Structures are given as C-alpha cells and as structure tokens.
C-alpha cells in the first residue's frame, strides 16, 4: 500500500490487447496514476508466449523516463506482417519496479531504506516506503495478434469462387 502515491503509481491500461499483424507499430500505454511529481524511470521488457520474437513481433527492451508532469508514456512494438490466412498468437510485455531518478532529493534514502531488514524499518522510513513510486497491479499486458481482417474477406471470396 497505500491506495495513493505522489510519484506515483504505474500500470498498463489493462491486461488484455488485440491486433492485427498489419498494424505495423503498436503504441502500448503505460499509465502514471495518482500524482505525477518528480521524474521516474520504469523498466520494460518483452517475452514470448505463442507469438515468437524473430517472426511475429520485434523484441522491445528498455526504460521509460517520465518527467515532472508526464502522466503517460508509450512502448512502440513493432509487429511483423506475414500475410497469414489464419493466426491467433500472443506475447507478453512486462514492467519492472519503477525507480526515482538518481539525482533528486529522495532517490536516497529510498534505495537504502528499501533494502534494510523489515523489523528495522523506522516510523519515518516506512512513510518513505509508502510514498515511493509503485506499480499498479497491471504489470503484464498480453498482446494477441490476428490475421489482417480483410486480407481474409479477400481469400474467402476467392475460395468460394469456382
């Protein structure tokens, strides 16, 4: 906890998304909820499920930098066209622990406090921990990729033809 933060709370808009291998570049929003104060780094990385990195989509890995009044940042994907008649395939994109930018006032003590023993936490440093930039519960997005939806109109009209 708590339910809020000032730095603040980072998550995807939801867990579940669907394209279209024809979409090219897919912008996936990472939302900053409750208080846009400070500059916060958010790590992200891609991972295979049924969709595979060399074929279905290109691998994306890095960090997002949210400035002082930035409440939104986007991950570009990108998604590979392979003119399939039929496909239902999917991959994951995760976000790691958001961290405050090294230079600003609180960066330390936070990194120092958040790796001392819990039974040693002091009243004020658990206030620090409470105020920390945090993840929401939506820290994994699943991206389902489908056939171009009327490539398949078009194969189907062709199939019915004699």
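Residue numbers count along the first chain shown, from 1.
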item	value
Which of 103 to 111 and 124 to 132 has higher mean CA B factor, as the PDB entry lists it	103 to 111
Segment of higher mean CA temperature factor, 136 to 144 or 149 to 157	149 to 157
Modelled-residue ranking by C-alpha temperature factor, third containing residue 37	highest
Residue 31 - which third its CA temperature factor falls in, relative to the rest of the chain	middle
CA B-factor ranking of residue 80, expressed as a third of its chain	middle
Among modelled residues of the same chain, the CA temperature factor third for residue 60	highest
Residue 69 - which third its CA temperature factor falls in, relative to the rest of the chain	highest
